[PDB]
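Commentary on secondary and tertiary structure
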Number of protein chains: 2
Amino acid sequence: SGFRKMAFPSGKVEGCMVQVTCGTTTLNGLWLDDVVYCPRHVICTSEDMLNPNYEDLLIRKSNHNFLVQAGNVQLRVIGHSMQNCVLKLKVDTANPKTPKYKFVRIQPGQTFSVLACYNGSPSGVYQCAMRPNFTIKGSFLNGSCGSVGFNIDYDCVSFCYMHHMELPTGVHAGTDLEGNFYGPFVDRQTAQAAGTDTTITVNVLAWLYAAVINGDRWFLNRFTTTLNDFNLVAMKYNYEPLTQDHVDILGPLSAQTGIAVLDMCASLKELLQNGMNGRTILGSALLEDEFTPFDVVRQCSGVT
Amino acid sequence: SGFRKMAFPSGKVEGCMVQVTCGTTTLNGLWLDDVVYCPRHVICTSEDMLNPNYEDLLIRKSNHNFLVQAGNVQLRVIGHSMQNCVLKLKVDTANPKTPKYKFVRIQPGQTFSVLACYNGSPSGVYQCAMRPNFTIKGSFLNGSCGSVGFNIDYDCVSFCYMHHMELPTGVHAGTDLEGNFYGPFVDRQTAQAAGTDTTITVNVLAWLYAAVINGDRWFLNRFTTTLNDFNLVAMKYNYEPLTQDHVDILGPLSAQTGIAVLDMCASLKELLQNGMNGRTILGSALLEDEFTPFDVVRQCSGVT
Ligand SMILES: *CC(=O)NNC(=O)c1cc2c(s1)CCCC2
Ligand SMILES: *CC(=O)NNC(=O)c1cc2c(s1)CCCC2
């Protein structure tokens with residue numbers, strides 16, 4: 001029993017973090033096989049950040065300008081290329097700690113673990129979601145860029161995020177491991193406003209299921225509703241619209257708890273309309289939307 | 001910017017988790033040097049849990065009854081002994097992944113990372129506090145016993161918790177790595193009620209400092225108070241009494257933010273008396289008490 005915002009074990013990723021230094025800019029890189037992946041803005045001065053021409057900046061850089069340190073051992077760079085907003089540094093040594101891995105571009109609402117790093121050294125691990133406005137609500141200081149988000153399926157690490165940006169509102173933007181930004185964000189010091197941060201409705205319902213499973217049931221009511229009725233209420237409260245897909249994904253939690261998805265929707269509807277009245281659900285005073293249905297099954301069934 | 005419930009990287013501990021099986025009971029052990037540490041109730045049947053005589057139960061067990069598997073490789077047990085509520089299994093192989101480590105018994109209010117494990121395999125990592133009633137609010141399923149709580153100071157893992165028990169209220173009890181229970185709990189299937197779960201006042205103030213640093217300041221007020229006045233309000237709300245020690249520990253956060261501890265106390269007092277009025281602080285609708293002042297400094301200064 002008990003339900004916790006749980007990250008994946010970070011060991012497999014700890015073994016991949018290196019320090020990349022280009023002139024006086026240092027940040028984190030990801031060493032997989034004989035490639036080190038890092039934010040292309042490693043080649044920039046903070047001066048450069050205002051309107052950088054990465055193609056032109058990169059012409060001035062050679063393999064030997066890219067200082068890659070793995071713990072205390074320097075890697076030899078035999079190749080460099082820019083893919084979207086990441087650099088790939090070919091090194092002469094395969095990372096002996098390369099786990100089985102994939103690069104996956106995630107959908108908004110999907111959750112992942114971040115290994116926050118500074119100077120290629122891990123400081124901590126926390127769980128995130130890709131917000132519907134393609135920001136993440138991270139914990140990132142200067143030097144944190146190149147820290148990666150990931151999922152683990154048994155022994156395979158799926159890398160989904162590399163950290164690049166803080167927006168002036170203190171939220172986080174970055175890329176998949178192909179260096180394509182989530183959302184409309186660019187690696188440039190400019191006016192970039194986040195859109196509406198909407199609640200991930202399907203994740204809230206998942207977390208309502210997790211609560212019932214762990215004995216928090218005060219919010220279960222006598223009512224039901226319909227997808228269309230529920231969605232009218234969701235619109236009003238800047239909740240994502242709930243689809244039949246979301247209902248299907250909640251099927252197993254529905255089945256295990258014996259509470260129909262649309263009944264749980266009617267519970268959520270009442271919580272939106274009436275608030276929590278100073279009560280709590282799994283030790284939270286607001287509706288948690290950063291557990292997926294997959295996350296709830298996993299944590300409730302002890303998948304390793 | 002951004003503030004997150006952050007665990008330590010779990011890699012150094014992942015390398016220490018093994019599976020211990022005694023007859024038909026399996027749980028997790030901690031392999032450090034040539035010793036595997038595990039809950040002594042590994043020797044019990046669930047029948048046994050009602051009123052176990054561990055000394056008598058253990059007389060019936062030999063080294064070869066303790067099946068220790070490290071990933072997929074069996075360790076040879078050359079010795080076993082009971083220290084308080086843990087077993088120490090001497091194995092013929094030093095764990096090659098033994099990090100620098102210590103066993104430390106923590107104080108209530110102190111925070112640590114849990115690597116939740118099943119069958120000696122990591123499933124996840126989350127941050128905890130030792131509650132003032134010596135419970136932790138964990139996420140633990142059957143087979144999770146032997147999962148450990150820890151802190152990391154640069155390269156040294158201080159093990160502070162081994163998981164043993166769920167109380168009938170779904171909260172968690174366990175031991176330091178000498179096998180002494182935190183609080184009055186025994187490894188026995190019996191009436192064990194937790195005492196008052198009081199709020200860790202000094203941690204809440206630390207988290208109020210973390211909020212100001214990260215731009216959440218709506219709750220900063222025009223008032224101040226005194227240790228004695230504040231404590232009258234703390235009593236009423238089942239907050240731990242605030243000592244001059246707590247004030248001293250908050251000194252650096254005080255200094256960095258330029259908000260005197262007693263002014264922040266007067267802010268906390270108003271929040272207790274008036275609630276949050278539907279507002280949030282670092283994305284939480286209640287007062288978080290599972291960051292220490294040390295945790296806030298660390299996360300705000302990017303210590304690795
Ligand atoms: C993000 C990090 O830890 N290292 N690099 C930086 O500090 C910057 C990244 C960007 C900046 S400054 C300006 C906007 C574009 C990305
Ligand atoms: C805790 C775990 O994952 N493995 N062991 C158990 O399930 C039990 C531990 C205790 C039980 S059952 C009864 C109370 C005493 C501790």
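This section reports on the structure supplied with the text. (Residues numbered from 1 in each chain as written, not as in the entry; some residues may be left out. Chains lettered and ligands numbered in written order. Heavy atoms only, no water.)

1. Points about the packing of helix α3 (residues 201-213) of chain A against helix α7 (residues 261-274) of chain A
Residue and element names in this part refer to chain A. The cut-off we apply is this: Lines fitted to the C-alpha atoms define the axes, with helices restricted to the stretch that makes contact. Angles between their N-to-C directions range from 0 to 180 degrees. In this text, helices come from DSSP runs of H or I with a minimum length of four residues, and strands from runs of E with a minimum of two, each type numbered from the N-terminal end. Orientation categories follow fixed angle ranges, with anything under 35 degrees roughly parallel, anything over 145 roughly antiparallel, 65 to 115 roughly perpendicular, and all other angles oblique. Contact between two residues is taken to exist if any of their heavy atoms lie within 4.5 Å; hydrogens are not considered. Each residue receives one of three labels: charged for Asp, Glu, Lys and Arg, nonpolar for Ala, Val, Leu, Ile, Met, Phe, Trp, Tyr, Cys and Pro, and polar for the others, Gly being one of them.
For the pair α3 and α7, interaxial distance at closest approach is 10 Å and the crossing angle is 100°. Compared by their axis directions, α3 and α7 come out roughly perpendicular. In this structure, α3 contributes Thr 201, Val 204, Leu 205, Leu 208, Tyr 209 and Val 212 to the contact, and α7 contributes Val 261, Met 264, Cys 265, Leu 268 and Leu 271. For the contact of α3 with α7, the class distribution of residues is 10 nonpolar, 1 polar and no charged.

2. As for the relation of the copies chain A and chain B
As a reminder of what qualifies: Superposition of the copies is done by least squares over their C-alpha atoms.
If you rotate chain A by 180° and push it 0.0 Å along the axis, it lands on chain B with an RMSD of 0.0 Å. Classification of the inter-copy transformation places it as that of a two-fold axis. For chain A, the residue whose C-alpha comes nearest the rotation axis is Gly 11 of chain A, separated from it by 1.7 Å. Of the residues that chain A buries at the interface, 100% are likewise interface residues in chain B, meaning the two copies contact each other through the same surface.

3. Describing the site of ligand 1
All names here are of chain A. Basically, it comes down to this: Residues are classed as near a molecule or strand on a simple rule: at least one heavy atom within 4 Å of it. Whenever a nitrogen or oxygen atom comes within 3.5 Å of another N or O atom, the pair is scored as a polar contact, on the condition that within protein one atom can donate a hydrogen and the other can accept it, and that pairs from neighbouring residues in sequence are kept only if both atoms are in side chains. Using the Shrake-Rupley algorithm and a 1.4 Å probe, accessible areas are obtained, with residue cover drawn only from the displayed protein chains.
Close to ligand 1 lie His 41, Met 49, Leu 141, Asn 142, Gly 143, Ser 144, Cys 145, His 164, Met 165, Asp 187, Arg 188 and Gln 189, which account for all nearby residues. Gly 143 is positioned with one of its backbone polar atoms (N or O) 2.9 Å from an oxygen atom of ligand 1. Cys 145 has a polar backbone atom sitting 2.8 Å from an oxygen atom of ligand 1. A total of 400 Å² of accessible area belongs to ligand 1 in isolation, and the protein chains cover 80% of it. Of the residues assigned to the shell around ligand 1, the class counts are 4 nonpolar, 6 polar and 2 charged.

4. A few points about the interface of chain A and chain B
Buried accessible area, meaning the area lost when the parts come together, often serves as the stated size of an interface. As a reminder, the rule being used: Throughout, buried area stands for the accessible area (probe radius 1.4 Å) lost by two parts on being put together, summed over both. Any carboxyl oxygen of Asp or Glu within 4 Å of a side-chain nitrogen of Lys or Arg constitutes a salt bridge here.
Contacts between the two partners involve 42 residues from chain A and, on the opposite side, 42 residues from chain B. Note on chain A versus chain B: buried area summed over both sides is about 3,000 Å², and carbon and sulfur give 55% of it. Ranking the residues of chain A by area buried against chain B places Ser 1, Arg 4 and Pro 9 of chain A at the top, with a combined share of 23%. One salt bridge in this structure joins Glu 290 of chain B and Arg 4 of chain A, with 2.9 Å as the shortest N-O distance. Taken together, chain A and chain B are joined by 21 residue pairs in polar contact. For the side of chain A that touches chain B, the elements supplying multiple residues, two or more each, are α1 (11-14), β9 (111-118), β10 (121-129) and α8 (293-301) of chain A.

5. Some words on unusual backbone geometry
For the record, the criterion: The buried label applies to any residue whose accessible area, calculated with a 1.4 Å probe on protein chains only, is under 20% of its type's maximum; exposed applies above 50%, and partly exposed to all values in between.
With phi around 55°, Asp 33 of chain A is a residue other than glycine that occupies positive phi space. On the secondary structure map, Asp 33 of chain A appears in the loop between β2 (25-32) and β3 (35-39). Of note in this structure, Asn 277 of chain B is not a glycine but carries a positive phi near 55°. Within the element layout of this structure, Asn 277 of chain B appears in the loop between α7 (261-274) and α8 (293-301). Among the residues examined, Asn 277 of chain B registers a relative accessible area of 56% and is labelled exposed.

6. Notes on the nonpolar core
So the rule is basically this: Take the buried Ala, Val, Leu, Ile, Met, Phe, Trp, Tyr and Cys residues and link them wherever side-chain atoms come within 4.5 Å; each set so joined is a nonpolar core.
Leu 30 and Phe 159 of chain A together with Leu 30 and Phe 159 of chain B are the most contacted members of the largest nonpolar core, which has 40 residues in total. If we ignore the near neighbours within four places in the chain, the residues touching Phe 159 of chain A are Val 13, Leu 30, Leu 32, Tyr 101, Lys 102, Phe 103, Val 104, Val 148, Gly 149, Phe 150 and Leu 177 of chain A. Judged by nonpolar contacts, the second largest core, of 36 residues, contains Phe 230, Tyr 239, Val 247 and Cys 300 of chain B.

7. Thoughts on the sheet that holds strand β5 (residues 73-75) of chain A
Strands in a sheet are paired, the pairing made by backbone hydrogen bonds, and the direction either parallel or antiparallel. All names here are of chain A. Spelled out, the test is: Strands qualify as paired when DSSP identifies two bridges or more between them.
Reading across the sheet, the 7 strands line up as β5-β4-β1-β2-β3-β7-β6 and stay open at both edges, with antiparallel pairing between neighbours. Pairing within the sheet leaves two strands with one partner each, and these edge strands are β5 and β6 (77-83). Each strand axis lies, on average, 30° off the axis of its neighbour in the sheet, ignoring direction. Here 4 bridges tie strand β1 (residues 17-22) to strand β4 (residues 66-70), and the two strands are oriented antiparallel to one another. Its bridge partner lying in β4, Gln 19 is registered against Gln 69.

8. Description of the pattern of salt bridges
One pass over the structure, following the stated rule, counts 24 salt bridges over all chains. A salt bridge links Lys 137 of chain A to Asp 197 of chain A; its shortest N-O distance comes to 2.8 Å. Here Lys 137 of chain A, found in the loop between β10 and β11 (148-153), pairs with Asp 197 of chain A, found in the loop between β13 (172-175) and α3; they are 60 residues apart in sequence, far enough to count as distant. Owing to a relative accessible area of 38%, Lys 137 of chain A belongs among the partly exposed residues under this scheme. Residue class for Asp 197 of chain A comes out partly exposed when judged on its relative accessible area of 29%. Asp 176 of chain B is paired through a salt bridge with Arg 105 of chain B; the nearest N and O atoms lie 2.8 Å apart. Here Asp 176 of chain B is found in the loop between β13 (172-175) and α3 (201-213), whereas its partner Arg 105 of chain B is found in the loop between β8 (100-103) and β9 (111-118), with 71 residues between them in sequence. On the accessibility criterion, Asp 176 of chain B (3% relative accessible area) is buried. Ionic contacts of the salt-bridge type, sharing partners, join the residues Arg 4 of chain A together with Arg 131, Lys 137, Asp 197, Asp 289 and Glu 290 of chain B into one network.

9. A closer look at the packing of aromatic side chains
This is how the line gets drawn: Stacked, tilted and edge-to-face are the three classes applied to pairs of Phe, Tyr and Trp rings, where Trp contributes its six-membered ring and a pair requires centres within 6.5 Å; stacked means planes under 30 degrees apart, edge-to-face means over 60, and tilted covers the rest.
Enumeration according to the criterion identifies 14 aromatic pairs over all chains in this entry. An angle of 65° between the planes, with centres 6.4 Å apart, marks the rings of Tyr 101 of chain B and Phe 159 of chain B as edge-to-face. Taken together, the positions of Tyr 101 of chain B in strand β8 and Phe 159 of chain B in strand β12 (residues 156-166) put the pair 58 residues apart, joining distant regions of the chain. In this structure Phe 159 of chain B comes out as buried when scored by relative accessible area, which is 0%. Taken together through their ring pairs, the aromatic side chains of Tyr 37, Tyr 101, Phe 103 and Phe 159 of chain A make up a single cluster.

10. Concerning the pairing of β3 of chain A
Residue and element names in this part refer to chain A. β3 sits mainly inside the fold: 5 of its 5 residues count as buried. As judged from the 3 bridges shared by β2 and β3, these two strands associate in the antiparallel manner. For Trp 31, the partnering residue across the bridge sits in β3 and is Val 36. Between β2 and β3, which pair antiparallel and follow one another directly, the connecting turn spans 2 residues, one of which, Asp 33, has a positive phi of 55°. Examined bridge by bridge, β3 and strand β7 (residues 86-91) share 5 bridges and lie antiparallel to one another. Counted as the bridge partner of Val 36 is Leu 89 from β7.

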